[PDB]
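Q: Let me begin by handing over the structure; questions about it come next.
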Amino acid sequence: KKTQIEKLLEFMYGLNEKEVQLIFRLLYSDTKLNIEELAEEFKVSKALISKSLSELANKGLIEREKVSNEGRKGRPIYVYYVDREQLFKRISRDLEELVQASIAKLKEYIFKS
Amino acid sequence: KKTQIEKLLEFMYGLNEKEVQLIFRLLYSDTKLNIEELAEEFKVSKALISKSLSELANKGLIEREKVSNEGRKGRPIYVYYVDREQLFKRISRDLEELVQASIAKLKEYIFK
């Protein structure tokens, strides 16, 4: 089954369950992870897992950090991890902004429509 | 497509698309409404709309009012409506509680 928290992250941020799972996979990782480690674990293409990580990183839910300027292919190399305080701060802030934007919109529906 | 608010009510109260429309049909009415006109409007049987109205009233999302005990076979007759202040206060409070409960839960998961 899925927790209440999983269902909430999915709604707030428009993420599929796996993307949500990915956050918790990284939160309970001892080491930082690159694209190719994640693509092999999750059994998917680098393009797919890159899209998800990118969406998680833009939203500030995971950390994306450069560990090399040139990698075997001459491109920068990034690792992905979860910062526990940052993660908790981001969600809390997002949740307060969602509640306020909702109540405001509700007010307009229920009283001014 | 679906309104974000409609999306929120579906998520919060486990309601389908038609239940939210039912709530808004009541909200936007100038009068209380009986099951016969609502069954007709929502194109379902009286039993079905009656079951839905009863479950929405037990969620507190709408109000019910018994107006007669003299339906066929002594079955009660009800009217349904939405108390606009109470609905605002309910959803507002439920939203605030959902967020605090969520933040507490993942505070213990991220840290404890």
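Going by the structure tokens order, chains are called A, B, ..., each with residues numbered from 1, while ligands are numbered from 1 in the order shown.
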Please report, as JSON, numbers by chain, each residue of chain B to which DSSP assigns strand (DSSP E or B) when run on this structure's backbone.
A: {"B": [33, 63, 64, 65, 66, 67, 68, 77, 78, 79, 80, 81]}
Q: Taking only C-alpha atoms into account and nothing else, which residues of chain B lie no more than 7 Å away from chain A? Please answer as a list in words.
A: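 Interface list for chain B against chain A: residues 84, 92, 95, 99, 102, 103 and 110 of chain B.
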Q: What lies within 12 Å of residue B:39 using only C-alpha atoms, ignoring chain neighbours under 6 positions off, as an mmCIF file with N, CA and C atoms, in the first residue's frame?
A:
```cif
data_model
loop_
_atom_site.group_PDB
_atom_site.id
_atom_site.type_symbol
_atom_site.label_atom_id
_atom_site.label_comp_id
_atom_site.auth_asym_id
_atom_site.auth_seq_id
_atom_site.Cartn_x
_atom_site.Cartn_y
_atom_site.Cartn_z
ATOM 1 N N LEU B 22 -21.911 17.454 -7.641
ATOM 2 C CA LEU B 22 -23.025 17.441 -6.694
ATOM 3 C C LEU B 22 -22.851 18.478 -5.574
ATOM 4 N N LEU B 33 -32.677 21.226 -1.883
ATOM 5 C CA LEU B 33 -32.985 20.374 -3.023
ATOM 6 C C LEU B 33 -33.300 18.971 -2.550
ATOM 7 N N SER B 45 -30.265 6.781 -10.692
ATOM 8 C CA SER B 45 -31.481 6.433 -9.971
ATOM 9 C C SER B 45 -31.590 7.204 -8.643
ATOM 10 N N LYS B 46 -32.808 7.249 -8.103
ATOM 11 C CA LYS B 46 -33.047 7.893 -6.825
ATOM 12 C C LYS B 46 -32.205 7.224 -5.739
ATOM 13 N N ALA B 47 -32.163 5.894 -5.745
ATOM 14 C CA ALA B 47 -31.379 5.141 -4.748
ATOM 15 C C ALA B 47 -29.915 5.540 -4.772
ATOM 16 N N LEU B 48 -29.355 5.658 -5.971
ATOM 17 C CA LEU B 48 -27.946 6.020 -6.112
ATOM 18 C C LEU B 48 -27.662 7.436 -5.614
ATOM 19 N N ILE B 49 -28.462 8.430 -6.047
ATOM 20 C CA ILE B 49 -28.234 9.820 -5.611
ATOM 21 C C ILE B 49 -28.494 9.930 -4.102
ATOM 22 N N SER B 50 -29.446 9.159 -3.615
ATOM 23 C CA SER B 50 -29.780 9.173 -2.204
ATOM 24 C C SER B 50 -28.625 8.593 -1.371
ATOM 25 N N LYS B 51 -28.062 7.468 -1.806
ATOM 26 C CA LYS B 51 -26.849 6.931 -1.172
ATOM 27 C C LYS B 51 -25.678 7.952 -1.172
ATOM 28 N N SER B 52 -25.470 8.641 -2.296
ATOM 29 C CA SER B 52 -24.377 9.620 -2.392
ATOM 30 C C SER B 52 -24.611 10.832 -1.490
ATOM 31 N N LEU B 53 -25.843 11.340 -1.464
ATOM 32 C CA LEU B 53 -26.138 12.494 -0.634
ATOM 33 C C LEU B 53 -25.935 12.127 0.830
#
```
Q: Can you tell me, as a PyMOL selection string, which residues in chain A count as helix (DSSP H, G or I) by DSSP?
A: chain A and resi 4-13+17-27+35-41+46-58+84-111
Q: Between atom CA of residue A:29 and atom CA of residue A:82, what distance in Å does the model show, to one decimal?
A: 8.5 Å
Q: Excluding residue B:15 and its own-chain neighbours fewer than 6 positions away, which residues fall within 10 Å of it when counting only C-alpha atoms? Please give them as number ranges by chain.
A: B: 6-9, 56
Q: So which one's closest to residue A:44, A:70, A:90, A:18, A:80? Using only C-alpha atoms, please.
A: A:18
Q: Please indicate the distance in Å from atom CA of residue B:61 to atom CA of residue B:96, rounded to one decimal place.
A: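 Distance between the two atoms: 16.4 Å.
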